[PDB]
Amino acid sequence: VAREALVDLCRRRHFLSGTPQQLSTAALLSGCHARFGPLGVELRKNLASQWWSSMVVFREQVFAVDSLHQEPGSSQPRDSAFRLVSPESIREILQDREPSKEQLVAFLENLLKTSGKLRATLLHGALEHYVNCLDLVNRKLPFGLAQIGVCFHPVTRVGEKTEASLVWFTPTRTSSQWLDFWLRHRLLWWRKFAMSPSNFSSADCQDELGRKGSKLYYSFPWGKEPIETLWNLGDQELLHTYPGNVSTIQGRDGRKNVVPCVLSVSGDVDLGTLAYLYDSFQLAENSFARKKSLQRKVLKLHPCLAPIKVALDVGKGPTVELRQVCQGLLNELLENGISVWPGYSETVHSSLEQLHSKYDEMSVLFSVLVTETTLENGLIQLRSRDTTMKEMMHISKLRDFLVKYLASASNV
């Protein structure tokens, strides 16, 4: 019943898109449909950008990599990744000749042995770029290779998940210590944006070979779901990627030449976005909503994640002139990186109560009203998310206010 309130709210406000059946929890978790509407896409982009700054920009010796969405096909009897086949090759064998049974078998066999397949993870792309980046860092360990990109997971249908991956190359001597560093770093990162950071947790695990790792979970209403995995792979995968002379893959550990240990850190950005939507869902606490049996709702997304930083509307006064003021203010805000909802450009009028209820459901951080008073003395009306506040401030100060507000929320 409360799940039906949140998914419905996200659908109504375009955090999510889809039919009612595509919006069930099973469908959302499968990744078989494009889950996000325009506000959800912006939320996921904000989340991705936060991952990149904390995992790449502010980290030492972490470099970006790009790799293809498809990889050379294998002949392993249990490789279940979907294969890419040209329709024109199928049309040739069907329509251009009268194929025998043997030729159709031979065609289908060659499909299995040779055709490309969709990547399941981003790890292979990091391993394949390792020697190139080794030259960049003058062979010095440790360093990392980071990528955000879609991966494919069978579910007769194929789901798509946005994965954020860091592959960390370190001497075995320090691999366990680096694994603990990244685990704490990732757990702190998830928690910093949460209303209820206790709903993010970890649990140690071992893989089929006994290699050590840990997984990160978010406590959804139906149970815990893994959102991140960290593995200490050792140097197994690296030697298989580069068979032959080990001198080509040896890095510098101080003055020691060593084949590095490989740590793999991989998080699900799509599921993470779902988590923050659930985590942000609250009953409204402001006096207008609370003194009402309607039980208004608010999404309290963290300011760094909220897709819409500020909404702009007009109050009483000459509409064309007021819209002109809003337009100049919007352009100033956009130029300084502040996303704006241009409510002023609407031609149907709604009450302030209706307007502020909608903006709370959209997680708008601040609502700004431009009125005939603004035309006289430049004062605008500022209301914070889920409050009854009407703070008067000069329109020339709004930009600096919001810039410092977001900076304050960013390094807290």
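Note that residue numbering begins at 1 and tracks the sequence as displayed.
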**Q.** Deposited-sequence gap flanked by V155 and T156
**A.** 10 or more
Q. Higher mean Cα B-factor in the deposited model: 218 to 226 or 102 to 110?
A. 102 to 110
Q. 326 to 334 versus 93 to 101: which one carries the higher mean Cα B factor per the record?
A. 93 to 101
Q. At the C-alpha atoms, which of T174, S165, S287, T273 reaches the highest B-factor in this entry?
A. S287
Q) Among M362, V62, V368, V348, which residue carries the highest C-alpha B-factor recorded in the PDB entry? A) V348
Q | Chain third (lowest, middle, highest) by recorded CA B-factor, residue given as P142 | A | middle
**Q.** Relative C-alpha B-factor of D313, binned into the chain's lowest, middle or highest third
**A.** lowest
Q: Looking at the entry's B-factor column for C-alpha atoms only, identify whether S202 ranks in the lowest, middle or highest third of its chain.
A: middle
Q | Ranked C-alpha temperature factor of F181 among modelled chain residues, by third | A | lowest
**Q.** CA B-factor placement of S74, once the chain's modelled residues are sorted into thirds
**A.** highest
